[PDB]
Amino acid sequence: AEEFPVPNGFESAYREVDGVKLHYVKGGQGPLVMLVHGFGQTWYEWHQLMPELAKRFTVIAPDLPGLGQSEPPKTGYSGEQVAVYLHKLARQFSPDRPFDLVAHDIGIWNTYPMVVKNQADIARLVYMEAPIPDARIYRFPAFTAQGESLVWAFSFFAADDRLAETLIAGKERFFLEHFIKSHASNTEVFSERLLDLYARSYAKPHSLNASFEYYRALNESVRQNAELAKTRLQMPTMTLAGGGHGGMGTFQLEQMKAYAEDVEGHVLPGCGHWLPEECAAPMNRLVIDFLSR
């Protein structure tokens, strides 16, 4: 069974990593690039970018532990813990060469530690649409002069007593449409059909819970990154962020500069949080050109 349609010429497979079975979609030939999705989604967010990338690279797009068709982690959900799974996965397919990394949203939280701890394993890096967990997250506002703020949901998801699962179970489809669209500038790309696909996946009880566990581990990740960030990233990096409603704007690049010696950043106008879907053409182009240098 596949929760989402595999692109022609790609395979859907699984690999056991430290006792956890990870689902991934793989295709193409050449140097490895790993694409890591974020909250509310799965590998499928990369499905339009993958075919073009696979013309030049071996592309692998895993489901984060607990999400999509991947089993929950056995250690925990903090960035440093989850990153081990992803680093090892990538190294199964690129054991003797560095690989490229593209990550979106909590894909960042779940990769940063393995990047900083194995810098020689990472050739080039693309980060989009989310803060690296650090003290800056504590400065985002709970409420804005426009209405709901960008990250109030962090508290919702992190709340005790399984507040979020309890309220959202049975209403996953409704909640996800609200969440995704409220964070979008080009909301029209989120058809009822596409939303059905994403909602069916995260409605799996272990997936709904795993979604929130990432946020419940966020403060732990912040504490981990406080130690880890004493060494800057040395490889070429690019940040992308949406300039429209729901996007991170200049924050993405400004924070990344504290983390990387070599970074070029882009803000995409009229695009919100969901770059691969809201603004496929310019995002795809930026990523492909960057990785193809």
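We number the residues from 1 along the sequence you see.
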Per the entry, higher mean C-alpha B factor between 113-121 and 151-159: 113-121
Stretch with the greater mean C-alpha B-factor as recorded in the entry, comparing 42-50 against 226-234: 226-234
Criterion, highest CA B-factor; candidates, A135, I108, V84, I180: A135
Selection by C-alpha B-factor (highest) of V263, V59, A241, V36: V263
Record-listed C-alpha B factor of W274: chain third: lowest
Third assignment of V17 from its chain's C-alpha B-factors: highest
Ranked against its chain, the third holding the CA B-factor of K55: highest
Chain-wide C-alpha B factor ranking for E129, given as lowest, middle or highest third: middle
Among modelled residues of the same chain, the CA temperature factor third for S78: middle
